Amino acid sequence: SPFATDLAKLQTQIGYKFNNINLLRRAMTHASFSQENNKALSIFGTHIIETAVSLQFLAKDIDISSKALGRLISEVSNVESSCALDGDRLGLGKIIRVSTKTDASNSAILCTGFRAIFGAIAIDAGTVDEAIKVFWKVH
């Protein structure tokens, strides 16, 4: 299937090879395509990205303000100005399964599929730091 090959190329881009590719198949399935989708995985990926951002800037400037850390988290967590860009770099608009009524180039669809990738790695690898590593060198 054309879907099985696009997943193999995406695993080589992000740098992680899945043990159960159904976690990645579900990560690319939008809510408009099936009830089995990535809404729950994207919520997981949101907190993984929030944790990865907090880990870098706190291990870099421990005396940072709480008001400064929150703005950095909110900027990297911006759907259109950062989240969708990292999904467009990986070409998720050609991989995400959306209904024929839905347009896959939507930034919201891109950001959801991007966050769902890291929620799928943490479950497939049994560790969150692995998903934190893959977020960097990709962002």
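One rule holds for the numbers: they count along the sequence shown, beginning at 1.
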{"query": "Stretch exceeding the other in mean C-alpha B-factor - 37 to 45, 105 to 113", "finding": "105 to 113"}
{"query": "Residue stretch of maximal mean CA temperature factor, 120 to 128 vs 5 to 13", "finding": "5 to 13"}
{"query": "Ranked against its chain, the third holding the CA B-factor of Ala27", "finding": "lowest"}
{"query": "Third of the chain's Cα B-factor distribution that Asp63 belongs to, per the entry", "finding": "middle"}
{"query": "Record-listed C-alpha B factor of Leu92: chain third", "finding": "highest"}
{"query": "Entry-reported Cα temperature factor of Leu55, expressed as the chain third it lands in", "finding": "lowest"}
{"query": "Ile73 - Cα temperature factor, lowest/middle/highest third of chain", "finding": "middle"}
